[PDB]
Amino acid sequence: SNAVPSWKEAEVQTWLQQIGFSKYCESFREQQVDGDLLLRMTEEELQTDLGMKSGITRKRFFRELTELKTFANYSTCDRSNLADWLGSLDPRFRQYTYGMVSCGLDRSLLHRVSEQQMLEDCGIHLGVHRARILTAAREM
């Protein structure tokens, strides 16, 4: 299955095993992590609520989570095809699709987005990424 936003708990459990994170399978089930929560996973939630203590292990997790976000199918929630707009700018920018869609952004609104909003609301932590997406949104 590829529609990560529509994933239930079972689909997340399978993904943890294919990425070598069987250690955290039961934790993700007692917390009832589904696709929506997995795509919005934060550094604090991994450490405190899921028991992922090592910062290096967390960095491995976000490495795999970024890979999943990059090749996910967002058609069921991305009406303006925001994913392929980010992808046409740079392939690694497709990971930010669900973050921008969760706070109600689309192609029509990109020119009104500020860099702080991309940080606080969309979860775009890399400044170089914010700078290129911000600039590309202005030249439309």
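All residue numbers are counted from 1 along the displayed sequence.
Inset, instruction - Look over 22-30 and 63-71 in the entry and identify the one with the greater average Cα temperature factor. - result: In the deposited entry, the stretch with the higher C-alpha B-factor mean is 22-30.
Legend entry - Of 50-58 and 75-83, the one with larger mean CA B-factor: 75-83 has the higher mean C-alpha B-factor.
Legend entry - Among modelled residues of the same chain, the CA temperature factor third for residue 107: For residue 107, the deposited C-alpha B-factor lands in the middle third.
Inset, instruction - Using the B-factor values recorded in the entry, state whether the Cα atom of residue 133 falls in the lowest, middle or highest third among the modelled residues of its chain. - result: It belongs to the lowest third of the chain when residues are ordered by C-alpha B-factor.
Inset, instruction - Relative to the other modelled residues of the same chain, rank the CA B-factor of residue 40 and answer lowest, middle or highest third. - result: Bottom third by C-alpha B-factor.
Inset, instruction - Give the position of residue 118 by CA B-factor within its chain, expressed as the lowest, middle or highest third. - result: Middle third, going by the recorded CA B-factors of the chain.
Legend entry - Relative C-alpha B-factor of residue 10, binned into the chain's lowest, middle or highest third: Highest third of the chain for residue 10's C-alpha B-factor.
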